[PDB]
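Here's the structure, in structure tokens; my notes come after.
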Amino acid sequence: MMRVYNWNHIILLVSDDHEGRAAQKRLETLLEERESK
Amino acid sequence: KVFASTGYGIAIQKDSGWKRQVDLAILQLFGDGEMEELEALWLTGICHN
Amino acid sequence: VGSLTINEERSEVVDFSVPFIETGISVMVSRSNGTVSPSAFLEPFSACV
Amino acid sequence: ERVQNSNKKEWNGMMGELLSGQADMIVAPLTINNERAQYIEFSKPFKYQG
């Protein structure tokens, strides 16, 4: 959804549970990018 | 009493992310004081004492 | 990597690193020195005696 | 400093507030190391020291 409308700010709320923690881990691994050049 | 107060650094292209990790290594150099030893190797006078 | 200074009209163009050597503008002379004791021993004794 | 029975090293002081987001920008006798530059972005040194 970022660079759909070029969006660049987010504040999250995690469910204190394995579901929210695992989703947070997945998005944290997703945010490891922009290694240019 | 130097009338100016500035510093010597390195020029990088704009928006080049490598300079962060370069400055981390610069502080790694600063963390052990090797540049004082190279100053003893390079920047040392005679009757400047 | 040459010995150039970080300056305002230079930092606006490109990206700069952390300065690693403190620098400053001064002047230098080749001066023989001395002093003057002006017509006395400058306040010779204790003035009470 | 390491938080007890949680094996987590946590900053204190000014960095206990700024890295926790509780504070805005800081003017200080900012002694610069590798770790503070790792977690806090820095300006150029205002007053050279030793």
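Just remember, in the structure tokens the first chain shown is A, the second B, etc., residues are 1-based per chain, and ligands are 1-based in the order shown.
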For this session: Looking only at helix (DSSP H, G or I) from DSSP on the backbone, list the matching residues of chain A as a list in words.
Result: residues 18, 19, 20, 21, 22, 23, 24, 25, 26, 27, 28, 29 and 30 of chain A
Would you mind exporting the chosen residues as a PDB file, in the first residue's frame, restricted to N, CA and C atoms?
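part_14.pdb written:
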ATOM      1  N   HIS A  18       0.241 -13.978  19.855  1.00  0.00           N
ATOM      2  CA  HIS A  18       1.135 -14.518  18.839  1.00  0.00           C
ATOM      3  C   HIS A  18       0.775 -14.014  17.447  1.00  0.00           C
ATOM      4  N   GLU A  19      -0.506 -13.705  17.218  1.00  0.00           N
ATOM      5  CA  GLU A  19      -0.964 -13.236  15.912  1.00  0.00           C
ATOM      6  C   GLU A  19      -0.376 -11.871  15.572  1.00  0.00           C
ATOM      7  N   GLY A  20      -0.585 -10.889  16.452  1.00  0.00           N
ATOM      8  CA  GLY A  20      -0.072  -9.556  16.204  1.00  0.00           C
ATOM      9  C   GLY A  20       1.439  -9.488  16.222  1.00  0.00           C
ATOM     10  N   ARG A  21       2.077 -10.283  17.084  1.00  0.00           N
ATOM     11  CA  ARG A  21       3.534 -10.311  17.127  1.00  0.00           C
ATOM     12  C   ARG A  21       4.115 -10.916  15.857  1.00  0.00           C
ATOM     13  N   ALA A  22       3.493 -11.979  15.340  1.00  0.00           N
ATOM     14  CA  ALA A  22       3.971 -12.585  14.101  1.00  0.00           C
ATOM     15  C   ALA A  22       3.737 -11.677  12.902  1.00  0.00           C
ATOM     16  N   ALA A  23       2.598 -10.976  12.872  1.00  0.00           N
ATOM     17  CA  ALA A  23       2.353 -10.015  11.800  1.00  0.00           C
ATOM     18  C   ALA A  23       3.323  -8.843  11.884  1.00  0.00           C
ATOM     19  N   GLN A  24       3.657  -8.423  13.108  1.00  0.00           N
ATOM     20  CA  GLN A  24       4.634  -7.363  13.306  1.00  0.00           C
ATOM     21  C   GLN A  24       6.017  -7.798  12.844  1.00  0.00           C
ATOM     22  N   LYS A  25       6.379  -9.057  13.106  1.00  0.00           N
ATOM     23  CA  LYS A  25       7.652  -9.592  12.630  1.00  0.00           C
ATOM     24  C   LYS A  25       7.693  -9.660  11.110  1.00  0.00           C
ATOM     25  N   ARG A  26       6.574 -10.048  10.487  1.00  0.00           N
ATOM     26  CA  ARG A  26       6.523 -10.114   9.030  1.00  0.00           C
ATOM     27  C   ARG A  26       6.654  -8.730   8.405  1.00  0.00           C
ATOM     28  N   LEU A  27       5.946  -7.735   8.945  1.00  0.00           N
ATOM     29  CA  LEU A  27       6.062  -6.392   8.383  1.00  0.00           C
ATOM     30  C   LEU A  27       7.414  -5.761   8.703  1.00  0.00           C
ATOM     31  N   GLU A  28       8.031  -6.143   9.826  1.00  0.00           N
ATOM     32  CA  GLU A  28       9.371  -5.660  10.144  1.00  0.00           C
ATOM     33  C   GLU A  28      10.394  -6.208   9.163  1.00  0.00           C
ATOM     34  N   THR A  29      10.264  -7.486   8.800  1.00  0.00           N
ATOM     35  CA  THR A  29      11.119  -8.042   7.757  1.00  0.00           C
ATOM     36  C   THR A  29      10.808  -7.432   6.397  1.00  0.00           C
ATOM     37  N   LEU A  30       9.554  -7.031   6.175  1.00  0.00           N
ATOM     38  CA  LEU A  30       9.193  -6.369   4.925  1.00  0.00           C
ATOM     39  C   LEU A  30       9.803  -4.977   4.835  1.00  0.00           C
TER      40      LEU A  30
END
For this session: Specify as JSON, numbers by chain all residues of chain B found within 10 Å of chain A, counting only C-alpha atoms.
Result: {"B": [15, 16, 17, 18]}
Exercise. Counting only C-alpha atoms, which residues from chain D have an atom at most 12 Å from any atom of chain B, and could you show them as a PyMOL selection string?
Worked result: chain D and resi 31-42+44-50
For this session: Starting from chain C, keep only residues with some atom at most 7 Å from an atom of chain B, counting only C-alpha atoms, and report them as JSON, numbers by chain.
Result: {"C": [1, 3, 4, 5, 6, 14, 15, 16, 17, 18, 19, 20, 21, 22, 23, 24, 25, 26]}
Can I get the selection written as a PDB file, in the first residue's frame, with C-alpha atoms?
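This went into out_6.pdb:
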ATOM      1  CA  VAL C   1      39.332  12.644   0.499  1.00  0.00           C
ATOM      2  CA  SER C   3      42.168  18.143   2.772  1.00  0.00           C
ATOM      3  CA  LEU C   4      39.097  20.311   2.191  1.00  0.00           C
ATOM      4  CA  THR C   5      36.926  22.030   4.767  1.00  0.00           C
ATOM      5  CA  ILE C   6      33.229  21.596   5.447  1.00  0.00           C
ATOM      6  CA  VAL C  14      26.675  17.729  -1.941  1.00  0.00           C
ATOM      7  CA  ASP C  15      26.485  15.498   1.115  1.00  0.00           C
ATOM      8  CA  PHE C  16      29.218  15.811   3.740  1.00  0.00           C
ATOM      9  CA  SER C  17      30.566  13.425   6.357  1.00  0.00           C
ATOM     10  CA  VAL C  18      31.398  14.007  10.018  1.00  0.00           C
ATOM     11  CA  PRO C  19      34.465  16.267  10.454  1.00  0.00           C
ATOM     12  CA  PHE C  20      37.401  14.350  11.891  1.00  0.00           C
ATOM     13  CA  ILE C  21      40.109  17.023  12.295  1.00  0.00           C
ATOM     14  CA  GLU C  22      39.443  20.266  14.159  1.00  0.00           C
ATOM     15  CA  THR C  23      40.619  23.170  12.010  1.00  0.00           C
ATOM     16  CA  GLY C  24      40.695  26.945  12.277  1.00  0.00           C
ATOM     17  CA  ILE C  25      42.070  30.061  10.599  1.00  0.00           C
ATOM     18  CA  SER C  26      44.860  31.974  12.321  1.00  0.00           C
TER      19      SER C  26
END
For this session: Enumerate the residues of chain B with a DSSP assignment of strand (DSSP E), computed from the backbone, and present them as a ChimeraX atom specification.
Result: /B:6-8,11-12
May I have the selected residues written with N, CA, C and O atoms, as a PDB file, in the first residue's frame?
ATOM      1  N   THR B   6      36.250  25.186  12.389  1.00  0.00           N
ATOM      2  CA  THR B   6      35.607  24.336  11.400  1.00  0.00           C
ATOM      3  C   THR B   6      36.270  22.964  11.438  1.00  0.00           C
ATOM      4  O   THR B   6      37.081  22.672  12.320  1.00  0.00           O
ATOM      5  N   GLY B   7      35.925  22.120  10.470  1.00  0.00           N
ATOM      6  CA  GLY B   7      36.430  20.762  10.451  1.00  0.00           C
ATOM      7  C   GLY B   7      36.698  20.214   9.064  1.00  0.00           C
ATOM      8  O   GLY B   7      36.114  20.675   8.080  1.00  0.00           O
ATOM      9  N   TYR B   8      37.588  19.229   8.977  1.00  0.00           N
ATOM     10  CA  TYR B   8      37.900  18.577   7.714  1.00  0.00           C
ATOM     11  C   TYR B   8      37.111  17.284   7.594  1.00  0.00           C
ATOM     12  O   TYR B   8      37.134  16.451   8.504  1.00  0.00           O
ATOM     13  N   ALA B  11      33.555  14.514   1.146  1.00  0.00           N
ATOM     14  CA  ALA B  11      32.404  14.852   0.321  1.00  0.00           C
ATOM     15  C   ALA B  11      31.796  13.596  -0.288  1.00  0.00           C
ATOM     16  O   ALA B  11      32.513  12.739  -0.816  1.00  0.00           O
ATOM     17  N   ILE B  12      30.471  13.488  -0.209  1.00  0.00           N
ATOM     18  CA  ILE B  12      29.717  12.345  -0.709  1.00  0.00           C
ATOM     19  C   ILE B  12      28.655  12.887  -1.661  1.00  0.00           C
ATOM     20  O   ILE B  12      28.221  14.036  -1.531  1.00  0.00           O
TER      21      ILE B  12
END
Exercise. Distance atom CA of residue 28 of chain D-atom CA of residue 14 of chain D, one decimal place?
Worked result: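 Interatomic distance here is 9.1 Å.
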For this session: May I ask for the distance between atom CA of residue 43 of chain D and atom CA of residue 11 of chain C, given in Å to one decimal place?
Result: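 Between atom CA of residue 43 of chain D and atom CA of residue 11 of chain C the gap works out to 12.6 Å.
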